[PDB]
Amino acid sequence: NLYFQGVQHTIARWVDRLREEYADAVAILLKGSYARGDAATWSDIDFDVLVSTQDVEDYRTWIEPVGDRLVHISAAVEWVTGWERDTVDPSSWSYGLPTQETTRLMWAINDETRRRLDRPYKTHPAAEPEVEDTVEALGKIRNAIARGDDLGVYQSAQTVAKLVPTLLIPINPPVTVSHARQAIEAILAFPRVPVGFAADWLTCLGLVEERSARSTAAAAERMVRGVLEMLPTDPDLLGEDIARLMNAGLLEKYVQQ
Amino acid sequence: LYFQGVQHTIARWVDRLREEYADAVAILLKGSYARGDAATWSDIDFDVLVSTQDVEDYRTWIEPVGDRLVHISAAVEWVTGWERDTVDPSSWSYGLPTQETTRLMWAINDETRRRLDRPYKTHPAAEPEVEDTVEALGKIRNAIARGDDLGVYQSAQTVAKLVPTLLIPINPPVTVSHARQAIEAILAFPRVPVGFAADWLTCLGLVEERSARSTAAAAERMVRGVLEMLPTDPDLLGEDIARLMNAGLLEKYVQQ
Ligand SMILES: NC[C@H]1O[C@H](O[C@H]2[C@H](O)[C@@H](O[C@H]3O[C@H](CO)[C@@H](O)[C@H](N)[C@H]3O)[C@H](N)C[C@@H]2N)[C@H](N)C[C@@H]1O
Ligand SMILES: NC[C@H]1O[C@H](O[C@H]2[C@H](O)[C@@H](O[C@H]3O[C@H](CO)[C@@H](O)[C@H](N)[C@H]3O)[C@H](N)C[C@@H]2N)[C@H](N)C[C@@H]1O
Ligand SMILES: [Cl-]
Ligand SMILES: [Cl-]
Ligand SMILES: [Cl-]
Ligand SMILES: [Cl-]
Ligand SMILES: [Cl-]
Ligand SMILES: [Cl-]
Ligand SMILES: [Cl-]
Ligand SMILES: [Cl-]
Ligand SMILES: [Cl-]
Ligand SMILES: [Cl-]
Ligand SMILES: [Cl-]
Ligand SMILES: [Cl-]
Ligand SMILES: [Cl-]
Ligand SMILES: [Cl-]
Ligand SMILES: [Cl-]
Ligand SMILES: [Cl-]
Ligand SMILES: [Cl-]
């Protein structure tokens, strides 16, 4: 645990080093595990270096000694305006959940940049519901079952499990997450889910010790049917054609035929 | 006999789409029916390219074909944005270059016909992600140490999703047209580390049985196996990464 003090010193030391290196820098922020305070042995030191130069996107890596160990350091160098702007795009690592991308401002070039970038996180909105593609992936599962392709079953079930949260988010209390592992935690904790959710979702994701093509296909059939019957038929939320088809009973008829 | 009525349904839908979209310049058949490998639950997949800029919309019908219902979908998009899309890697291919099958059904003029009547649309391979593969191994290691099985499984999936970006440059070039074929092509890579085919499925979590312990062991084998097979080229892997590997420092970090 004296490793951790050497890392904190490495972080402080790197901030000044990054400044010296990037004349176009306007702000330097700590990200990831060390910004959250939950780092462990193999955690990386993660920096964003925001610059004034437009269209810049580069990725730096260092391996540096801390006592008798080496630590991995990384920096994403990015145009400041591009970095601020991506707050309107959903994260790709949260299964569609809205996110709080943890930031700790280390340095900023002036007062106004300081005031603007001194926030505990950068937000991202939820990914939109994908009813149609969830239903298609169930179709792929059924096709793979019919032809005896277990691997195809497992693959398509992952697609169903990756998409289902986009359906469950709107009918659950608002929750955000700050990192990938926590996304699994928030989803598993959703108060409003169909019967069997926890085990079914992990089976379909493939994050279990034991399953079969039969049990996996079964989990997906339960989940899709259970979730669709819980969804409000709102055209702005789900899409006009989708809500219409659900209200007409056509989507149900299709799935159950 | 069901698939024959589908063919007639397809032809009928093109006329329909033309009539509904005045701003249309082309309609293309995509997916299973464009490949000719469709089955019972396959969907009829259309791209409807419009002259109207910045348009992105997604349509859905459910239609009778004899004694069954068929799912029909249309992606409506600015013709020019559709065309520009070739510069980005597909999201569904584990980083493999792709040939998105395209069968042009209708085009507004002879020039549009010629610009668009192509057998597929291409996307390039995703670039190698050495750093993120190593980080995900780091996460697996932290997860094991705290007894978090789910964390091990999750971060092993990350390792497995990135490893193909590493194997592509040391293997004969291959492209795929759909997601299921991506798995087949990757399992068929001839130049891979010891244990690759079995381990990759284990880490992806596409197997009947594994444990946190066996999964971590697979990812350790894999990552160490793949890195020693990579050329230390700055253009391929990135400047820092190549330097660090050539210096021995990345290996030292991973094995410490
Ligand atoms: N995966 C987790 C890591 O993601 C990012 O870094 C990673 C970048 O996202 C990676 O960039 C990749 O993802 C970005 C964003 O999609 C793409 O623009 C880029 N072309 C693509 O290569 C880049 N090649 C490596 C860098 N470590 C974070 N900055 C740090 C985080 O720990
Ligand atoms: N996943 C396979 C399907 O992918 C696409 O469609 C799907 C679109 O890709 C989906 O759009 C999603 O993906 C696109 C592209 O990333 C995003 O721009 C969009 N915001 C996001 O919602 C849209 N919401 C549903 C539509 N069926 C293909 N056009 C059809 C294919 O069967
Ligand atoms: Cl992290
Ligand atoms: Cl939101
Ligand atoms: Cl799908
Ligand atoms: Cl998955
Ligand atoms: Cl998906
Ligand atoms: Cl994580
Ligand atoms: Cl967590
Ligand atoms: Cl209807
Ligand atoms: Cl329904
Ligand atoms: Cl397909
Ligand atoms: Cl066919
Ligand atoms: Cl071509
Ligand atoms: Cl995965
Ligand atoms: Cl990934
Ligand atoms: Cl597929
Ligand atoms: Cl295969
Ligand atoms: Cl190495």
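All values below come from the heavy atoms of this structure, side chains included, with hydrogens, waters and symmetry mates left out. Order of the sequence lines fixes the chain letters, A, B, ..., with proteins taken first and strands second; residue numbering starts at 1 for each chain.
Side-chain contact check for B/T158 versus B/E135: every heavy-atom pair is 4.5 Å or farther apart. Counting heavy atoms from C-beta outward, B/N171 and B/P190 have side chains that approach closer than 4.5 Å.
With sequence neighbours excluded, the residues forming a side chain to side chain contact (heavy atoms under 4.5 Å, CB included) with A/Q256 are A/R225, A/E252, listed by chain and number. With sequence neighbours excluded, the residues that form a side chain to side chain contact (heavy atoms under 4.5 Å, CB included) with A/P165 are A/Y95, A/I187, A/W201. Shown here are the side-chain hydrogen bond (donor to acceptor under 3.5 Å, both in side chains) partners of A/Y154, two or more places apart in sequence or in another chain: there are none. Here B/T112 pairs with B/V25, B/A26, B/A107, B/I108, B/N109, B/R115, B/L116 under the side chain to side chain contact (heavy atoms under 4.5 Å, CB included) rule; sequence neighbours left out. By the ring-ring contact (aromatic ring centres under 6.0 Å, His included) test, A/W62 is found to be paired with A/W14, residues two or more places apart in sequence or in another chain being considered.
Residues A/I63 and B/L249 share a closest heavy-atom pair of CG2-O, 4.0 Å. Looking at every heavy atom in both residues, B/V152 comes nearest to B/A212 through CG1-O, 3.6 Å. Taking both residues in full, the closest heavy atoms of B/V254 and B/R141 are given as O-NH1, 2.7 Å, listed atom of the first, atom of the second, then distance. The two residues A/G96 and A/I169 come nearest to each other via the heavy atoms O-CD1, 3.5 Å. Of all the heavy atoms in A/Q182 and A/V177, the pair that sits closest is OE1-CA, 3.1 Å. Smallest separation of non-hydrogen atoms from B/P231 and B/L237: O-CD1, 3.3 Å.
Listed for the A/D241 side chain is a donor-acceptor partner under 3.5 Å among the backbone atoms of B/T60. The backbone N or O of B/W82 sits less than 3.5 Å from a side-chain atom of B/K121, completing a donor-acceptor pair. Under a 3.5 Å cut-off, the side chain of A/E101 and the backbone N or O of A/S91 do not form any donor-acceptor pair. Using a distance-only test at 3.5 Å, with no hydrogens or angles considered, no donor-acceptor pair links the side chain of B/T175 to the main chain of B/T98. For the pair B/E131 (side chain) and A/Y59 (backbone), a donor-acceptor distance under 3.5 Å is absent. No side-chain donor-acceptor contact under 3.5 Å links B/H178 to the backbone of B/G31. A donor-acceptor pair under 3.5 Å links the side-chain atoms of B/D233 to the main chain of B/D235, judged by distance alone. Side-chain N or O atoms of B/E77 include none that pairs as donor or acceptor with a backbone N or O of B/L49 at under 3.5 Å. The backbone N or O of B/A179 sits less than 3.5 Å from a side-chain atom of A/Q155, completing a donor-acceptor pair.
Rounding to the nearest 0.5 angstrom, the gap separating the CG atom in B/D117 from the CG atom in B/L104 is 5.0 Å.
No hydrogens or angles considered: a donor-acceptor pair under 3.5 Å links the side chains of A/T216 and A/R211.
Of the charged side-chain nitrogens involved, at least one lies within less than 4.0 Å of a carboxylate oxygen, so that B/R12 and B/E63 count as a salt-bridged pair. In this structure, B/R113 does not pair ionically with B/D110, as no charged nitrogen and carboxylate oxygen lie closer than 4.0 Å.
Among residue pairs with one or both ends in residues 236-256 of chain B, those qualifying as ring-ring contact (aromatic ring centres under 6.0 Å, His included) are A/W42-B/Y253; sequence neighbours excluded.
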(request) Test side-chain contact (heavy atoms from CB on, under 4.5 Å) on A/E210 and A/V208 and set out the steps. (result) CA-CA 6 Å; A/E210 191 160 338; A/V208 288; over 6 Å; no
(request) Begin from the C-alpha positions of A/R181 and B/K139 and carry the test side-chain contact (heavy atoms from CB on, under 4.5 Å) through to its verdict. (result) CA-CA 10 Å; A/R181 178 64 181 85; B/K139 295 220 168 72; over 6 Å; no
(message) Walk me through whether A/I141 and A/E221 qualify under side-chain contact (heavy atoms from CB on, under 4.5 Å).
(response) CA-CA 9 Å; A/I141 287 169; A/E221 296 280 355; 5.7 Å; no
(message) As a quick check of understanding, evaluate side-chain contact (heavy atoms from CB on, under 4.5 Å) for B/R191 and B/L167, giving each step before the final call.
(response) CA-CA 8 Å; B/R191 188 168 293 103; B/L167 293 170; over 6 Å; no
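Heavy-atom contacts from other residues, nucleotides or ligands closer than 6.0 Å to CZ of A/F190 number more than 12.
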